[PDB]
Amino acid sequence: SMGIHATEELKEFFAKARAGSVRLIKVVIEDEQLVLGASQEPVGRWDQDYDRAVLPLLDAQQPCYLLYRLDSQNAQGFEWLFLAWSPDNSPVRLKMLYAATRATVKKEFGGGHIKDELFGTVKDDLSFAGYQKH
């Protein structure tokens, strides 16, 4: 369809991530496709990994999405946080592209694996401190 789609490589990576060994997935839009921007393995607990994983990957003038893995599992696997980043300094065109495509990222990943959803426009919003206030 007309909307931005996840590449088959990104979908495959999603499945790999849910098997384990992935703490963070950064999804970005490149050439009208959703693709893998970055990924990181777990180091310690989900709370210990959080800020050092999330904060450095947030650009002051580009939106992105992060899938951040908790240590808990529900009955359909690891639980994830779905973090939407959209700083005001982003070009309006990018803000709307990312806003328009958010639901697609969640749908492709599988909403049933997502424990919670957060949004930020300043890094503090999506920091561990932000998550604890949510």
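The first residue of the shown sequence is 1; numbering continues from there.
Chain thirds of CA B-factor: placement of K123: As the PDB entry reports it, the C-alpha B-factor of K123 lands in the highest third of its chain.
With respect to C-alpha B-factor, does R45 fall in the lowest, middle or highest third of the chain as deposited? Tercile = lowest for this residue's CA B-factor.
Using the B-factors in the PDB entry, rank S1's C-alpha atom against the chain and give the third, lowest, middle or highest. Highest third, going by the recorded CA B-factors of the chain.
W80 - Cα temperature factor, lowest/middle/highest third of chain: Highest third of the chain for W80's C-alpha B-factor.
Select lowest, middle or highest to describe the third in which the CA B-factor of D71 falls within its chain in this entry. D71: CA B-factor falls in the lowest third of its chain.
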